[PDB]
Structures are given as structure tokens and as C-alpha cells.
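Read the structure below first, then the notes.
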Amino acid sequence: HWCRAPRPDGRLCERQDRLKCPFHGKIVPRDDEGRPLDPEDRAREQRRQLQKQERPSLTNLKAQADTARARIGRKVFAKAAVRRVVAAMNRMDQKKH
DNA sequence: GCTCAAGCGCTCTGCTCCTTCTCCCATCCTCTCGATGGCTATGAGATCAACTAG
Ligand SMILES: [Zn+2]
């Protein structure tokens, strides 16, 4: 099976995904023109398209942390995460021994 | 410009981690080997309460 989703470039999606295509969500069977064979699936996609159409001065201490690179560092550098890093490594140390 | 908001710092748990601290480790029996263990004097003053007379 193929996603066969209608891309903005006019070509059907050729991604080979078992269940879900990341750029188009769930994968449903489609014909040569990229139309879902199930009429219910066509209606659901139309509803999704309608929903999409409907849709001091200096950075404070909290505002400075509000970004991408800080968020990933906070998750990586955590008391529970570091302990889980050690705890996971302890279990392979038992396997190594 | 008059009310709901947005924040906001301060406080209250609280949640887990790390550290610290006390206890605990079968029963009974025999024997030997060692260690330990203390031992100033003598006299002077002064008080006091009990006999021994008065
Ligand atoms: Zn796709």
C-alpha cells in the first residue's frame, strides 16, 4: 500500500508506511487519483480540511528559558533522568558482570 | 478607564535522594593460656560523746 496523499506539488505521496504517514496522519487506501476508496474517509478528510481553514521589554528570567534549546536541556538534565540514566546503566552492569 | 486578567513573589508542602545511625547475627558443653591483682608512714592538733569519779 501507498499513502497516495495529494501533495501541493500535484504528485501523489509515495511514502511506504505501514500504518501512519507523518505528513498526512493515518493512511487510507486510495485510487490512482489519490481519493480514499471509503466514502466515510473522504468525508472525514473534508471535515479535517474545514477545521484547518477555521484555525519589561527585555526577556525575563522565565522568558529567557522559553525557547527550544533550553527545553531539551531541561529534560536531558533532570534529577530523575540522570538517576534513570544510572539505573539503566546499573542494570546492564549486572548483565556485564 | 473600571474588572477581569496576568503576573508574581512568597510560602507550604512534598518528593525523592543522599547521608547518617542503631542493631543484629543457633544452642549447649569441655579444656588450657594469659593478665590481673596494691600493700606511703607517724605525728601533731582539735573536737566530741561517753565513763568515772566528784
Ligand atoms: Zn503520505
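Residue numbers start at 1 in each chain; chains themselves are named A, B, ... in the order of the C-alpha cells; ligands are numbered from 1 in the order shown.
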
Test item: chain A residues at most 10 Å from chain B, counting only C-alpha atoms (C1' of nucleotides), as JSON, numbers by chain
{"A": [79, 80, 83]}

File of the preceding selection, N, CA and C atoms, as a tab-separated table (two decimals), in the first residue's frame:
chain	number	residue	atom	x	y	z
A	79	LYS	N	17.01	15.46	37.56
A	79	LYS	CA	17.39	14.58	38.66
A	79	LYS	C	16.86	13.16	38.44
A	80	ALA	N	15.60	13.04	38.01
A	80	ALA	CA	15.05	11.72	37.73
A	80	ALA	C	15.69	11.11	36.49
A	83	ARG	N	19.23	9.89	37.31
A	83	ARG	CA	19.08	8.67	38.09
A	83	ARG	C	18.63	7.51	37.21

Contact table chain A vs ligand 1, cut-off 9 Å, shortest pair per residue, only C-alpha atoms and all ligand atoms, as JSON lines:
{"residue": "A:2", "atom": "CA", "partner": "ligand 1", "partner_atom_place_in_ligand_line": "1 (Zn)", "distance": 7.6}
{"residue": "A:3", "atom": "CA", "partner": "ligand 1", "partner_atom_place_in_ligand_line": "1 (Zn)", "distance": 4.4}
{"residue": "A:4", "atom": "CA", "partner": "ligand 1", "partner_atom_place_in_ligand_line": "1 (Zn)", "distance": 6.2}
{"residue": "A:5", "atom": "CA", "partner": "ligand 1", "partner_atom_place_in_ligand_line": "1 (Zn)", "distance": 5.3}
{"residue": "A:6", "atom": "CA", "partner": "ligand 1", "partner_atom_place_in_ligand_line": "1 (Zn)", "distance": 8.3}
{"residue": "A:7", "atom": "CA", "partner": "ligand 1", "partner_atom_place_in_ligand_line": "1 (Zn)", "distance": 8.4}
{"residue": "A:12", "atom": "CA", "partner": "ligand 1", "partner_atom_place_in_ligand_line": "1 (Zn)", "distance": 8.0}
{"residue": "A:13", "atom": "CA", "partner": "ligand 1", "partner_atom_place_in_ligand_line": "1 (Zn)", "distance": 4.7}
{"residue": "A:14", "atom": "CA", "partner": "ligand 1", "partner_atom_place_in_ligand_line": "1 (Zn)", "distance": 6.7}
{"residue": "A:15", "atom": "CA", "partner": "ligand 1", "partner_atom_place_in_ligand_line": "1 (Zn)", "distance": 5.4}
{"residue": "A:16", "atom": "CA", "partner": "ligand 1", "partner_atom_place_in_ligand_line": "1 (Zn)", "distance": 7.9}
{"residue": "A:17", "atom": "CA", "partner": "ligand 1", "partner_atom_place_in_ligand_line": "1 (Zn)", "distance": 7.8}
{"residue": "A:20", "atom": "CA", "partner": "ligand 1", "partner_atom_place_in_ligand_line": "1 (Zn)", "distance": 8.0}
{"residue": "A:21", "atom": "CA", "partner": "ligand 1", "partner_atom_place_in_ligand_line": "1 (Zn)", "distance": 4.7}
{"residue": "A:22", "atom": "CA", "partner": "ligand 1", "partner_atom_place_in_ligand_line": "1 (Zn)", "distance": 6.9}
{"residue": "A:23", "atom": "CA", "partner": "ligand 1", "partner_atom_place_in_ligand_line": "1 (Zn)", "distance": 5.7}
{"residue": "A:24", "atom": "CA", "partner": "ligand 1", "partner_atom_place_in_ligand_line": "1 (Zn)", "distance": 5.2}
{"residue": "A:25", "atom": "CA", "partner": "ligand 1", "partner_atom_place_in_ligand_line": "1 (Zn)", "distance": 7.7}
{"residue": "A:26", "atom": "CA", "partner": "ligand 1", "partner_atom_place_in_ligand_line": "1 (Zn)", "distance": 8.6}
{"residue": "A:27", "atom": "CA", "partner": "ligand 1", "partner_atom_place_in_ligand_line": "1 (Zn)", "distance": 7.3}

Keeping only N, CA and C atoms, write the selected residues to a file as a tab-separated table (two decimals), in the first residue's frame.
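Full text of again_27.tsv as output:
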chain	number	residue	atom	x	y	z
A	2	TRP	N	0.30	2.34	-0.53
A	2	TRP	CA	0.97	3.63	-0.57
A	2	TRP	C	0.04	4.69	-0.01
A	3	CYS	N	0.64	5.76	0.53
A	3	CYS	CA	-0.15	6.84	1.12
A	3	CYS	C	-1.01	7.51	0.06
A	4	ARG	N	-0.43	7.81	-1.10
A	4	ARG	CA	-1.13	8.40	-2.24
A	4	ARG	C	-1.82	9.72	-1.89
A	5	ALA	N	-1.32	10.42	-0.87
A	5	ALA	CA	-1.91	11.69	-0.49
A	5	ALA	C	-1.62	12.75	-1.55
A	6	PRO	N	-2.56	13.68	-1.78
A	6	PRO	CA	-2.33	14.73	-2.78
A	6	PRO	C	-1.45	15.83	-2.22
A	7	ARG	N	-0.20	15.87	-2.67
A	7	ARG	CA	0.75	16.88	-2.25
A	7	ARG	C	0.47	18.20	-2.96
A	12	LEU	N	1.27	12.37	-6.14
A	12	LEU	CA	0.78	11.56	-5.03
A	12	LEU	C	1.92	11.16	-4.11
A	13	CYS	N	1.59	10.92	-2.85
A	13	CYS	CA	2.59	10.52	-1.87
A	13	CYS	C	3.06	9.10	-2.14
A	14	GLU	N	4.38	8.92	-2.25
A	14	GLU	CA	4.98	7.62	-2.49
A	14	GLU	C	5.58	7.01	-1.23
A	15	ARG	N	5.36	7.62	-0.07
A	15	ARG	CA	5.90	7.09	1.17
A	15	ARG	C	5.32	5.71	1.47
A	16	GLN	N	6.19	4.78	1.87
A	16	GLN	CA	5.79	3.41	2.18
A	16	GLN	C	5.77	3.25	3.69
A	17	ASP	N	4.64	3.59	4.30
A	17	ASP	CA	4.43	3.47	5.73
A	17	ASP	C	3.34	2.44	6.00
A	20	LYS	N	0.83	4.81	9.54
A	20	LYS	CA	0.64	6.25	9.55
A	20	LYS	C	1.75	6.94	8.77
A	21	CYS	N	1.36	7.88	7.90
A	21	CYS	CA	2.30	8.76	7.22
A	21	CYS	C	2.48	10.04	8.04
A	22	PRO	N	3.71	10.41	8.40
A	22	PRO	CA	3.89	11.57	9.28
A	22	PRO	C	3.35	12.87	8.72
A	23	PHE	N	3.42	13.07	7.40
A	23	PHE	CA	2.96	14.31	6.80
A	23	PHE	C	1.46	14.33	6.56
A	24	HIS	N	0.77	13.19	6.67
A	24	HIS	CA	-0.65	13.14	6.36
A	24	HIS	C	-1.46	12.36	7.39
A	25	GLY	N	-0.87	11.97	8.51
A	25	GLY	CA	-1.60	11.25	9.53
A	25	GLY	C	-1.88	9.80	9.17
A	26	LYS	N	-3.10	9.35	9.43
A	26	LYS	CA	-3.47	7.97	9.13
A	26	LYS	C	-3.47	7.72	7.63
A	27	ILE	N	-3.19	6.47	7.25
A	27	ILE	CA	-3.12	6.06	5.85
A	27	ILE	C	-4.38	5.29	5.51

DSSP on the backbone, helix (DSSP H, G or I) only: what residues of segment 47-91 of chain A does that give? Format it as a ChimeraX atom specification.
/A:47-54,61-65,68-76,79-91

Could you save the residues just selected, with C-alpha atoms, as a tab-separated table (two decimals), in the first residue's frame?
chain	number	residue	atom	x	y	z
A	47	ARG	CA	-14.03	17.80	7.87
A	48	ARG	CA	-10.32	17.99	8.72
A	49	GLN	CA	-9.75	20.47	5.88
A	50	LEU	CA	-12.64	22.61	7.14
A	51	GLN	CA	-11.13	22.60	10.64
A	52	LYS	CA	-7.76	23.71	9.25
A	53	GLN	CA	-9.46	26.62	7.46
A	54	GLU	CA	-11.16	27.62	10.72
A	61	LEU	CA	14.26	35.03	33.62
A	62	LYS	CA	11.30	32.80	32.78
A	63	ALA	CA	11.14	34.28	29.27
A	64	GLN	CA	14.83	33.57	28.61
A	65	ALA	CA	14.25	29.87	29.32
A	68	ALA	CA	13.86	25.32	22.07
A	69	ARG	CA	17.44	24.60	23.15
A	70	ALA	CA	16.66	25.23	26.83
A	71	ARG	CA	13.64	22.90	26.88
A	72	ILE	CA	15.59	19.91	25.57
A	73	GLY	CA	18.39	20.61	28.04
A	74	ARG	CA	15.94	20.70	30.94
A	75	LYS	CA	14.56	17.27	30.00
A	76	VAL	CA	18.03	15.77	29.49
A	79	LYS	CA	17.39	14.58	38.66
A	80	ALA	CA	15.05	11.72	37.73
A	81	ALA	CA	16.52	11.40	34.23
A	82	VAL	CA	20.12	11.22	35.47
A	83	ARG	CA	19.08	8.67	38.09
A	84	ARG	CA	17.26	6.73	35.37
A	85	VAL	CA	20.43	7.01	33.28
A	86	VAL	CA	22.39	5.49	36.17
A	87	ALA	CA	19.66	2.96	36.99
A	88	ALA	CA	19.52	1.82	33.36
A	89	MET	CA	23.32	1.58	33.26
A	90	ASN	CA	23.33	-0.31	36.56
A	91	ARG	CA	21.11	-2.99	35.02

Shell around residue 40 of chain A at 12 Å using only C-alpha atoms (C1' of nucleotides), local window under 5 positions removed, as a PyMOL selection string
chain A and resi 28-29+35+45-47

Same residues, N, CA, C and O atoms, output as a PDB file, in the first residue's frame:
ATOM      1  N   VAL A  28      -5.036   5.684   4.418  1.00  0.00           N
ATOM      2  CA  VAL A  28      -6.242   5.009   3.944  1.00  0.00           C
ATOM      3  C   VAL A  28      -6.027   4.613   2.487  1.00  0.00           C
ATOM      4  O   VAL A  28      -5.266   5.282   1.773  1.00  0.00           O
ATOM      5  N   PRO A  29      -6.652   3.536   2.010  1.00  0.00           N
ATOM      6  CA  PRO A  29      -6.482   3.154   0.602  1.00  0.00           C
ATOM      7  C   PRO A  29      -7.003   4.237  -0.332  1.00  0.00           C
ATOM      8  O   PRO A  29      -8.023   4.875  -0.067  1.00  0.00           O
ATOM      9  N   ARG A  35      -7.781   9.398  -4.101  1.00  0.00           N
ATOM     10  CA  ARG A  35      -9.052   9.601  -3.433  1.00  0.00           C
ATOM     11  C   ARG A  35      -9.369   8.393  -2.562  1.00  0.00           C
ATOM     12  O   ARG A  35      -9.320   7.254  -3.050  1.00  0.00           O
ATOM     13  N   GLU A  45     -11.810  13.484   5.889  1.00  0.00           N
ATOM     14  CA  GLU A  45     -10.755  14.370   5.405  1.00  0.00           C
ATOM     15  C   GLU A  45     -11.305  15.750   5.071  1.00  0.00           C
ATOM     16  O   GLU A  45     -10.645  16.765   5.322  1.00  0.00           O
ATOM     17  N   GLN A  46     -12.511  15.809   4.498  1.00  0.00           N
ATOM     18  CA  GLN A  46     -13.138  17.100   4.232  1.00  0.00           C
ATOM     19  C   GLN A  46     -13.395  17.861   5.527  1.00  0.00           C
ATOM     20  O   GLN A  46     -13.196  19.080   5.588  1.00  0.00           O
ATOM     21  N   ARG A  47     -13.841  17.159   6.572  1.00  0.00           N
ATOM     22  CA  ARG A  47     -14.026  17.804   7.868  1.00  0.00           C
ATOM     23  C   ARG A  47     -12.703  18.319   8.420  1.00  0.00           C
ATOM     24  O   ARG A  47     -12.646  19.415   8.992  1.00  0.00           O
TER      25      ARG A  47
END

Give me every strand (DSSP E or B) residue in chain A, going by DSSP on the backbone, as a PyMOL selection string.
chain A and resi 6+12+20-21+25-26+30+36

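Reported to one decimal place, the separation of atom CA of residue 30 of chain A from atom CA of residue 1 of chain A is 8.9 Å.
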
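Distance-wise, atom CA of residue 93 of chain A and atom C1' of residue 20 of chain B end up 27.5 Å apart.
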
Could you please determine the separation between atom CA of residue 77 of chain A and atom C1' of residue 18 of chain B in Å, to one decimal place?
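We find that atom CA of residue 77 of chain A and atom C1' of residue 18 of chain B lie 18.4 Å from each other.
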